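**Q** Protein chains in written order, with the deposited numbering: chain A, 444 to 971, 983 to 1018, 1024 to 1058; chain B, 62 to 254, 263 to 265, 280 to 444; chain C, 333 to 356; chain D, 529 to 553, 576 to 604; chain E, 22 to 53, 61 to 376.
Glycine included, every Cβ here is placed at the ideal spot set by N, Cα and C.
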Amino acid sequence: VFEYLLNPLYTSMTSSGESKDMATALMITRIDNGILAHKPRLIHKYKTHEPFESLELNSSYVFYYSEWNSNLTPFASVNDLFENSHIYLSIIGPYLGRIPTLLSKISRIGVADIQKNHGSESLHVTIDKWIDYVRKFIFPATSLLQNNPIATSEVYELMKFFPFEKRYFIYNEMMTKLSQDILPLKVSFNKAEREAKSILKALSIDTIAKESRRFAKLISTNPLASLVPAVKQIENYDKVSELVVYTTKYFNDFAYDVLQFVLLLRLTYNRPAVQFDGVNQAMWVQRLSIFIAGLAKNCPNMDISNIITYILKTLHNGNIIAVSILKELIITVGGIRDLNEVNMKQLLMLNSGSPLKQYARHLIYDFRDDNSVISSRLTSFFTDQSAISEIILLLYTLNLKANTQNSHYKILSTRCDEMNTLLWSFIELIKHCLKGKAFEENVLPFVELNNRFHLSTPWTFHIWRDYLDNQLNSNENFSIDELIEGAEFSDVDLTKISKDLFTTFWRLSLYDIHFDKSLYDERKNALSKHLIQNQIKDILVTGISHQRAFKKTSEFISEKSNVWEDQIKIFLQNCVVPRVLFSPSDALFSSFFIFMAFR
Amino acid sequence: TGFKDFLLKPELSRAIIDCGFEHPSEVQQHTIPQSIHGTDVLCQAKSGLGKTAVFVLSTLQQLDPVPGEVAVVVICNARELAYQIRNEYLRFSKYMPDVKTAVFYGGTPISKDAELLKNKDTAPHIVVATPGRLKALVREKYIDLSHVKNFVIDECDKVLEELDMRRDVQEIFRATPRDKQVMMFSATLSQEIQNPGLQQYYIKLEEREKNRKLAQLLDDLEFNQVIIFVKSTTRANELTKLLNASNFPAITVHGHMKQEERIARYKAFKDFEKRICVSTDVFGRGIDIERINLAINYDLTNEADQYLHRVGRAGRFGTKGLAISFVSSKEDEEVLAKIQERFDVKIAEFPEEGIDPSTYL
Amino acid sequence: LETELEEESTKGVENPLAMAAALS
Amino acid sequence: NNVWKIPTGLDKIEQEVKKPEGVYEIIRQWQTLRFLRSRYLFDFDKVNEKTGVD
Amino acid sequence: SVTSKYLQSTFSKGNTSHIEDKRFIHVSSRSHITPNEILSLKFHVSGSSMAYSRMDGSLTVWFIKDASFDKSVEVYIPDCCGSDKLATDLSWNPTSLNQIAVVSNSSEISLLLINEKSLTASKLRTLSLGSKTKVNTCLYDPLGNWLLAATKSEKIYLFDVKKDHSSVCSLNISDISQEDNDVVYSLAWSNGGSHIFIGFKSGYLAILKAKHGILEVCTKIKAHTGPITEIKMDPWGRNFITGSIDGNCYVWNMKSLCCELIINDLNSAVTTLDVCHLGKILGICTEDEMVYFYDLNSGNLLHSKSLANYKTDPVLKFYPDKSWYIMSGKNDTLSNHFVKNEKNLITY
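And the structure:
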């Protein structure tokens, strides 16, 4: 009776009347005497006592008492829909779910009503009012459904218009206060939970073909009470994590939002972070972080923005879960392997022309090149709300506070070094994904970095040397000591040292100070389809450019050496010892520049 | 990357690193540094401590690949062990493309082995084999060992105690250059054979309630994998048929069955393909499975040592686990009483209300 | 009906799949 | 709500450090050395596995 | 329960005949090989002709005149539409009694009029479009008023069949989808050419208006969470059935466009589906090599079977003028089904 009451209001919006003219039957066609002939199908009408119409294969049945709808008047305006919801729906109660079609109709009415006045100034009024309505009448109903994804898809298609704070309010209230203290909701939640655990006990590498579909249906229909057992089971078991990340490919946006919700729930639940024994971190942080990284890697419609706001926020207080999630995100999605163990030949190839570098990286088991698209997506998540500079400064100034703690040295050294490597790897990712003008736009330019925050000079140059070399080489208009002008260079004590030597040391690199020319030939000879695109477009063009660069740099160093114990002391003090203690390439480069630059 | 302290080839280092090896055992660090120089080695160690890896890394170090030249010959006792040694050579030679490995054992046409030996695409520098088949190849000049530099004999005790095996290995040894590297490896070298956290519980009940009880336990306990110990093959196969009928994926392994299917199902369950496995005491010793977290002793054994061997399949390398046993007769309680006196362990009676799941994970 | 429903909800009932459908 | 009440901004990460100069009265020596590695490196022979010789 | 007994009888010892084609006698000779395929199979409207195209390139057409294909002539023809190129889709042109449209994943649509006196299939006309355009699906408005040709991306063409196939209109797929790299998977016409139903790969479903020859986007609903495999329409014109690869099969009400009935016993992907000419029984061919027969009105399973690893990719089609259905057999061989004494369900 309610659906008949509401139908004419529903057709007036979400206009289907213009599309009503497509419910017709195929004409019976027959070939007689060698010509086509069309006829209509013939049916007859019977009257029965059953209320719902039907059509049993030749004839149509109808309810006999054809004026039962005489005493009722359909709605004329959504306001009447509210006024009569308060009577019929407050009676039907949580059982509205027994008829899915009503959910769809009311939700589409809501969507069209919100879309009708996108321009007007009073939109927030209608948004608040529909928020209250969906909170009180529809969401408890949709919590009752049984393996029926599309209805929840519709309700969420309406919910998409709210601030996410409100969606979290509704979800959490439904979880805490309305699951208990209401009977049919409690029954449905308990049934769904028991069924979810029953399925979770039977996930295998061999039975995934059907268990994945069943789990997808069950999670998509009634997520926020069937997800928590799954979240715990992957919180402390090994392979269920990979299995779940495999089966996320199937559920709709509602499951996605609820999944992100319960992830924040578990990440914020009150419990200890460090292991009971000592300073070792607990055994769930790692598996949860692996899960989150797998999510960011595989399913690309996940929208983990709020988790990244969690990171950017809770790093301020030094939460270990933030650092861990960041490490696993960088290493799994981005593909940025560290430089702890590198043979001298690989270390050499790792800074050369493009193809030699690519071969070196693929040899060191690094896959940053093949992951360009998803790395760009993640850095786009980071780009919004301008988290880049805040995160770099946070990581840096956090490692210092880690240096000033008190513990056993055997853990202090390892912690400090681990933070250092994490920062280095993050900056490698940032330089890989943000190029051109976007870099200079969202990476906090040099002089502020070095004068306001007092970063140590090696990190400053480690960020800016590539961009400075690029702006110097092509656009020969500007010159060094101008594009880096104004820097205070605080710990340097530029007295009693030629700033020419300073900037000539830190500006350069290894690629522009050493030409082997043997590795190029080795690669060219071992590479001899179209012959691999003609030896990768005659890789040797990069070697030619490399020769030109070597020649220009050596020409520079000639006049510079024509130009230049106190200096011999301060040079070691502030120029080669700080440079060597960095990653290996800085050490090799300090070695090479010690020679070929002096008498 | 402890093997990086070994100062070996980088591609070999990557092939070891992708094999999960991170810290060498005692026997590896004690033997590989000296075997790399080409000295003969005679090794005795406890089984399963990575004795194959020693000489595998050694021969992958000392080899300089020469086309069509066989320098490395390994002789074993079985065909499946030969397959395992060639698989080890393959997982060790991932980053070595020029080197080629081959395996020789009975049951295959000798002409196919010959033609693959003549093929340049399959001309092997490393050959693992059974002594009889490789003897039949050398004596027919199907393979040339005039340039062999490395001779490995695994399980050398059985190689030298059996007369046919020692004669075959000596015929292979006399056809090799005398100035070669020689290595023998075995877990058992008697004196007679060139300058060489676990939780323990029990259920005392009657037989006719077992089938429903597990159907409850296997329903409530949170588990990765479950193993079911039985005393007979018929009861085990029946319980597996019923469990698979119970929407519970389960496998069965025991005697009275062809070895092929035993290896097949053993390997299958090792790979996390199903979550329930049932076996008699055939796997009472030697088995190594990590993910088993919950064990159900359907029928107790006769002696305490067999029960401890059973429970050893859980809590591998000092990890956490849960064990629960069935008691249905007098000798069951007898062995239950004897295990505590020998092993100093209180096997309490399993409470009805269940145990905290975190007490075993 | 209320009591039976609440009990069958909170406690739940084990659906016998192969329970007691054999012996030995 | 709590973890979303934390203030985030460029003005808060400044946390200015301590100047290299350290006044004069096995972890404390480690920290003081890490901090003094930049300013007065060549005055390091005096350490010799003992208290910082000032 | 009459329908269940009818289907059981249709699966009996007799009441079944092997369609004797080239592949059938080939298997008979080589068995008493790698199965090529059946790319597509589509009846004539009047229920008195059949056509299909294997992967070898040869398209067979039968002129049904008997139940067990006794007196049914067969115009076998070699690899039409070029020697290198093979057919992928065909439409039977409800206007006349002989014309056929065939597409071969190329920029050429071939219109051939099949003759029954001889065995000659004579090319009547060829239609061409942009050189890069690679269309692979053709369709006919069930009144023979419009023709549709679709690409795997970025082209949709509609011709007016009345005025000598004058190119009426076109549309870029990126205007319909508005998502990341969508590829149209299945198309279907409404009963009486008024609207075109399109199922993309990303999950969306779109309804285009094609009233007076000018395409336009009416609506788009996020139907499924995986690629949509098939889209069928009820012959009475009250609901349209959607089957996906995520394991769901829904039936949408036509007047209101909202889900009304769901098939829930399914636990695998759907490769095809079909509904009888009476709009009563719904046949689902899932991906685990199994067929199901459901009841449209109630939604409960009424018959199951098992392909048993014979001809992995199956095909199902219900006659447009009788309650019989052609179903694949063991090795890419067709297998008719009937009862031999019941032309329609009502007679039963």
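Is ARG228 of chain B buried or exposed, if buried means 16 or more other CB atoms sit within 10 Å of its CB?
**A** exposed
**Q** Return helix, strand or coil for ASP371 of chain B, following the three-state DSSP convention.
**A** coil
**Q** On the premise that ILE256 of chain E lies in contact with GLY227 of chain E, defined as a C-beta separation below 8 Å, what is that separation, rounded to the nearest angstrom?
**A** 3 Å
**Q** Could you tell me whether the Cβ atoms of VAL303 of chain E and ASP262 of chain E are closer together than 8 Å?
**A** For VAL303 of chain E and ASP262 of chain E, yes; Cβs fall inside 8 Å.
**Q** So which residues on chain F does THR342 of chain C lean against when the C-beta distance must stay under 8 Å?
**A** Considering every chain present, this structure includes no chain F. Its protein chains are A, B, C, D and E.
**Q** Is the shortest distance between the beta-carbon of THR253 of chain E and the beta-carbons of chain A less than 8 Å?
**A** The beta carbon of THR253 of chain E sits closer than 8 Å to some beta carbon of chain A.
**Q** Could you name the residues that DSSP lists as bridge partners for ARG473 of chain A?
**A** A:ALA480
**Q** Provide the residue span of the beta strand (DSSP E) that contains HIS487 of chain A, from first to last.
**A** 487 to 491
**Q** Per the DSSP calculation, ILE235 of chain E is bridged to which residue(s)?
**A** E:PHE225 and E:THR247
**Q** Taking three-plus beta-carbon pairs below 8 Å as touching, is the region 512 to 523 of chain A in contact with the region 449 to 461 of chain A?
**A** yes
**Q** Could you tell me whether any Cβ in chain D is nearer than 8 Å to the Cβ of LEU836 of chain A?
**A** yes
**Q** I believe residue 4 of chain E touches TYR693 of chain A by the beta-carbon criterion, under 8 Å. Please report the beta-carbon distance rounded to the nearest angstrom.
**A** With chain E covering only 22 through 376, there is no way to say anything about residue 4 of chain E.
**Q** Quick check: the Cα distance between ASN267 of chain E and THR335 of chain C, rounded to an integer number of angstroms?
**A** Spanning the two alpha carbons is a distance of roughly 42 Å.
**Q** Closer than 7 Å by C-beta to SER528 of chain A: which residues in its own chain qualify, once you throw out the five before and the five after it? Chain order, please.
**A** If you ignore the 5 residues before and after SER528 of chain A, its C-beta comes within less than 7 Å of the C-beta of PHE580, all in its own chain and listed in chain order.
**Q** Across the region 874 to 884 of chain A and the region 834 to 854 of chain A, are there enough close Cβ pairs to call them in contact, namely three or more that are closer than 8 Å?
**A** Segments in contact, no.
**Q** Which stretch, first to last residue, makes up the beta strand (DSSP E) that contains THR154 of chain E?
**A** 149 to 156
**Q** In the DSSP assignment, the beta strand (DSSP E) including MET244 of chain B goes from what residue to what residue?
**A** 242 to 247
**Q** Below 8 Å, can you find three or more Cβ-Cβ pairs linking the region 460 to 468 of chain A to the region 531 to 545 of chain A?
**A** no
**Q** Is the beta carbon of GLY398 of chain B less than 8 Å from the beta carbon of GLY280 of chain B?
**A** Contact: yes.
**Q** Could you have a look at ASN762 of chain A and say whether DSSP puts it in helix, strand or coil?
**A** coil
**Q** Check each residue of the region 759 to 777 of chain A: if its Cβ is closer than 8 Å to any Cβ of chain D, include it; give the result in chain order.
**A** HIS759 and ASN760
**Q** Is the beta carbon of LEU953 of chain A closer than 8 Å to that of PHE882 of chain A?
**A** no
**Q** Terminal residues of the continuous alpha helix (DSSP H) containing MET226 of chain B?
**A** It spans 224 to 235 - the alpha helix (DSSP H) in which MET226 of chain B sits, taken as one unbroken run.
**Q** I'd like to confirm the pairing. Which residues does DSSP put opposite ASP215 of chain B in its beta bridges?
**A** B:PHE246
**Q** Determine whether the beta carbon atoms of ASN591 of chain A and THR664 of chain A lie at a separation below 8 Å.
**A** yes
**Q** As an exercise, report each continuous alpha helix (DSSP H) stretch of at least 4 residues that is fully enclosed by the region 690 to 776 of chain A, in chain order.
**A** 696 to 711, 728 to 741, 748 to 757 and 763 to 772
**Q** Please list the terminal residues of the continuous alpha helix (DSSP H) segment that includes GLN127 of chain E.
**A** Looking at the DSSP string, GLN127 of chain E is not in any alpha helix (DSSP H); the run it does join, the beta strand (DSSP E), is 127 to 131.
**Q** Since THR363 of chain B and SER315 of chain B are thought to touch, with beta carbons under 8 Å apart, how far apart are those beta carbons, to the nearest angstrom?
**A** 7 Å
**Q** With a cut-off of 8 Å on the beta carbons, I'd call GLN282 of chain B and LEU73 of chain B a contact; round off their distance for me.
**A** Their Cβ separation, rounded to whole angstroms, is 43 Å, which puts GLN282 of chain B and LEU73 of chain B out of contact at 8 Å.
**Q** To which residues of the same chain is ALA930 of chain A closer than 6 Å at the C-beta, ignoring the five residues directly before and after it?
**A** Sequence-distant partners of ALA930 of chain A (beyond 5 residues in either direction) whose C-beta falls short of 6 Å from its own C-beta, in its chain, are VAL890 and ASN893.
**Q** Looking only at its own chain, which residues have a Cβ that is under 7 Å from the Cβ of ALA132 of chain B, when we skip the five neighbours before and after it?
**A** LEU124, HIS186, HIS208, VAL209, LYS210 and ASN211
**Q** Can you check DSSP and say which residues form a bridge with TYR284 of chain B?
**A** B:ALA431
**Q** Decide if the region 345 to 352 of chain E is in contact with the region 293 to 313 of chain E; the criterion is three or more beta carbon pairs, one per stretch, under 8 Å apart.
**A** yes
**Q** Where does residue 380 of chain E fall in DSSP's three states?
**A** Given a span of 22 to 376 for chain E in the structure shown, any question on residue 380 of chain E remains unanswerable.
**Q** Within 10 Å of its beta-carbon, does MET787 of chain A have 16 or more other beta-carbons around it, so buried, or fewer, so exposed?
**A** exposed
**Q** Can you check which of these residues, E:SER49, E:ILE66, E:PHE97 and E:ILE92, is closest to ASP84 of chain E by C-alpha distance?
**A** E:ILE66
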